[PDB]
Every structure is written in structure tokens, then in C-alpha cells.
Amino acid sequence: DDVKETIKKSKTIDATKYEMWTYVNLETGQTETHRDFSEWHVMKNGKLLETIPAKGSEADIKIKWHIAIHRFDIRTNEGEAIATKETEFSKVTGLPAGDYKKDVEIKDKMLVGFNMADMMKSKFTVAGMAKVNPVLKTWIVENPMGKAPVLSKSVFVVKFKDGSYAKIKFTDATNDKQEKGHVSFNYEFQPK
């Protein structure tokens, strides 16, 4: 009558587009996809050349949400994370103590527009500002160009702004045709 039931589910997110974030509610399973909200910056010959106006805002997101995914970049909604040494959820007892890390801001670094014709002209587009979690980024050990990504086997724990938390184990970074950016994970979420 006073501890809410744990929500144990799997999800598959299409994060293939450089332009987009997918916002994920782990309590309800709802998702929403929106174009990145920053001012975009075209880099040409190693310097900031052109701007593309900022469009929309996070107020356009209707659902509550916990994590968001852009390609293999993972952020939280003002949350914090650790990578445990465990490989199985049953070995992570409760909310572990540890050195939890909040999301960081990265300037003119996250790709929002990328193709080979422009790359050969030394041109590509980045988010003016973006938020990414430096612990969750480690879910990928290696991502060699043209080749299979290598995933961490660690269980992550993420603490959310309402006091909830989840154990998360990532299982796939490609679909069954080996297309990169289809991100799958299992999780166990404790509601408050």
C-alpha cells in the first residue's frame, strides 16, 4: 500500500536522424521526437561560417520525460548517473551510493547535419549548445566508422528530478539490418 510497483520493460528508439532528439518517459513508456532547439552553426574550413535560426523550445514537449537520445548521445532531464560494475539487475540492490554525474553542456560540438558531399567541402553542422551525460555516453565502448559498435555490458543507474530512479542495460545499437542508431535497452524503473 505505500511502495509503488517497479516498472520492468524494454524499448527500441529510432535515433537515426542527426537533426532529432527522442524524449522517453520510463514510467509510462510514452515517447516524443522533436528537432533540436538550439541555434545551429555551419562549420566551413574549421570556422563558424553560417547560422540557422533556433526553432521551437522544450515547452513544445508535452510528456513528462526522464532520458533523451540523439544518435548515440544520451542525456537526462536534470538527472544524474553512475555506471555500476554489475551486469545483472538482481545484483544492483536498491539505489546504490556512488559518485553520480549530472549532464554537461557542449558548445558547437554535437552533429546535427552530416553528409559526404558537404564533408568533402570541409562543411558540417553542429548544435550551438547541447546537453549530454558523460557517464551514459560510455554505453558505447567503440563505434568504428563502417563497422559494428561495441557496447558496454554494465548496468547503469540514473536518478531523476522527482526522486525516482532506473537501472538500465543497453542491448543493441543497430537494428536487424545493422543500421546504426536504433537504440534498444531493458530497464527497471522505481516510481515515487
# chains A, B, ... in the order shown; residues from 1 in each chain; ligands from 1
>>> select_by_dssp(residues="segment 49-167 of chain A", states="strand (DSSP E)", output="PyMOL selection string")
chain A and resi 49-52+67-70+73-76+80-83+101-102+104-107+111-113+123-127+129-132+140-142+150-151+156-159+165-167
>>> residues_around(residues="segment 43-60 of chain A", least_positions_apart="2", cutoff="7 Å", atoms="only C-alpha atoms", output="PDB file with N, CA and C atoms, in the first residue's frame")
ATOM      1  N   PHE A  37      16.551  22.123 -30.527  1.00  0.00           N
ATOM      2  CA  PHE A  37      16.065  23.510 -30.309  1.00  0.00           C
ATOM      3  C   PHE A  37      17.132  24.615 -30.270  1.00  0.00           C
ATOM      4  N   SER A  38      18.410  24.282 -30.494  1.00  0.00           N
ATOM      5  CA  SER A  38      19.473  25.271 -30.415  1.00  0.00           C
ATOM      6  C   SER A  38      19.618  26.073 -31.734  1.00  0.00           C
ATOM      7  N   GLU A  39      20.382  27.165 -31.687  1.00  0.00           N
ATOM      8  CA  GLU A  39      20.816  27.812 -32.919  1.00  0.00           C
ATOM      9  C   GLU A  39      21.885  26.884 -33.564  1.00  0.00           C
ATOM     10  N   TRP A  40      21.696  26.535 -34.836  1.00  0.00           N
ATOM     11  CA  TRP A  40      22.655  25.608 -35.486  1.00  0.00           C
ATOM     12  C   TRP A  40      23.731  26.400 -36.209  1.00  0.00           C
ATOM     13  N   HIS A  41      24.943  25.852 -36.206  1.00  0.00           N
ATOM     14  CA  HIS A  41      26.122  26.560 -36.680  1.00  0.00           C
ATOM     15  C   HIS A  41      26.809  25.715 -37.752  1.00  0.00           C
ATOM     16  N   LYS A  62       5.287  17.767 -24.785  1.00  0.00           N
ATOM     17  CA  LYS A  62       4.054  17.643 -23.974  1.00  0.00           C
ATOM     18  C   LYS A  62       4.161  16.640 -22.816  1.00  0.00           C
ATOM     19  N   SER A 122      34.736  20.271 -46.598  1.00  0.00           N
ATOM     20  CA  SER A 122      35.052  20.618 -45.223  1.00  0.00           C
ATOM     21  C   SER A 122      33.910  21.378 -44.523  1.00  0.00           C
ATOM     22  N   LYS A 123      32.692  20.877 -44.690  1.00  0.00           N
ATOM     23  CA  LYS A 123      31.481  21.530 -44.162  1.00  0.00           C
ATOM     24  C   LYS A 123      30.597  20.538 -43.422  1.00  0.00           C
ATOM     25  N   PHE A 124      30.113  20.963 -42.243  1.00  0.00           N
ATOM     26  CA  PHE A 124      29.156  20.152 -41.467  1.00  0.00           C
ATOM     27  C   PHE A 124      28.454  21.088 -40.461  1.00  0.00           C
ATOM     28  N   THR A 125      27.345  20.624 -39.883  1.00  0.00           N
ATOM     29  CA  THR A 125      26.517  21.488 -38.988  1.00  0.00           C
ATOM     30  C   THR A 125      26.475  20.922 -37.570  1.00  0.00           C
TER      31      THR A 125
END
>>> atom_distance(atom1="atom CA of residue 103 of chain A", atom2="atom CA of residue 10 of chain A")
23.5 Å
>>> closest_atom_pairs(of="segment 2-93 of chain A", to="segment 167-191 of chain A", cutoff="6 Å", atoms="only C-alpha atoms", output="CSV")
residue,atom,partner,partner_atom,distance
A:6,CA,A:190,CA,5.0
A:7,CA,A:189,CA,5.1
A:8,CA,A:188,CA,4.5
A:9,CA,A:187,CA,5.7
A:10,CA,A:186,CA,4.2
A:11,CA,A:184,CA,5.5
A:12,CA,A:184,CA,4.3
A:13,CA,A:183,CA,5.1
A:14,CA,A:182,CA,4.7
A:15,CA,A:181,CA,4.9
A:16,CA,A:181,CA,4.3
A:71,CA,A:181,CA,5.3
>>> residues_around(residues="residue 106 of chain A", least_positions_apart="6", cutoff="12 Å", atoms="only C-alpha atoms", output="MDAnalysis selection string")
chainID A and resid 38 73 75 126:134
